[PDB]
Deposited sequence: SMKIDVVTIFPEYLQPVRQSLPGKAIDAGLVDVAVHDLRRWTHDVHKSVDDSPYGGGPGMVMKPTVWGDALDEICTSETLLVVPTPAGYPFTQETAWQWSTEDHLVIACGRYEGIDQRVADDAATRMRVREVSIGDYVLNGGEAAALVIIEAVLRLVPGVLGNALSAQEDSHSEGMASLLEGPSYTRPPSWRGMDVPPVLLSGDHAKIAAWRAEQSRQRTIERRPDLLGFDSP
């Protein structure tokens, strides 16, 4: 069983991934994804989740008192707290494999300039906390990051959801003047494997030379 709790000021963002889960997996208790509106834990009539940054400058920072109450309710000692942030450690396939055997993931979705750092610092004194970036670009909020993380993790949980892969082909064998490489139709499966290995080598050199 895995439980994923997502905390966000835009709970509707996560609803399609929630409905995408197969009923058989939910019934078997293999997975449970719950989404929580952060404003449940606000203190004031205006339901304030952000405030001006200390030290000045642009933007707003999400309030520690709101997030602290939210995580106090949702997390336990067993929780892995995931904090999406462009300033995080890289989220990779290795991370996804590690997290796919966790019992309880809580994803704290930030907005504006992010969450007051004391929230993560305090949480880290009683649970495991992981600040992660999903790539070398800037999003407006953590919800899209949460969707990526949930998909990448849950497709590694059975029954729920370095060279580059080369091109793939299906019917018809000729289409708009372009033929499927004839080796693929040859029935020489050792040669096909060598051909695919060379295609992967060339693609990796062209697109991802960092992978060598």
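Missing from the model relative to the deposited sequence are positions 162-177, 229-233 (no C-alpha coordinates, numbering from 1).
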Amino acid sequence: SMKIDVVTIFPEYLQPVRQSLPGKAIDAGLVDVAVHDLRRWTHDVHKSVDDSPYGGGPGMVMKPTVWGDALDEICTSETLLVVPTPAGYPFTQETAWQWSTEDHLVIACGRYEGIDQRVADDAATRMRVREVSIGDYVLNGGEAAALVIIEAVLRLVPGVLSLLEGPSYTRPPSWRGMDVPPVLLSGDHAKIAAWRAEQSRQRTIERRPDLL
From here on, numbers count along this sequence of modelled residues.
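Stretches compared: 7-15, 21-29. Higher mean C-alpha B-factor in the entry: 21-29. Remark: stretch with higher mean C-alpha B factor among 52-60 and 66-74 is 52-60.
When all modelled residues of the chain are sorted by CA temperature factor, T101 is found within the highest third. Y112: CA B factor in the highest third of modelled residues in this chain (values from the PDB entry). Among all modelled residues in its chain, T170 ranks in the lowest third by Cα B-factor. Residue-level temperature factors show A144 in the lowest third of its chain, judged at the C-alpha atom. Looking at the C-alpha B-factors along this chain, the one for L154 belongs to the middle third.
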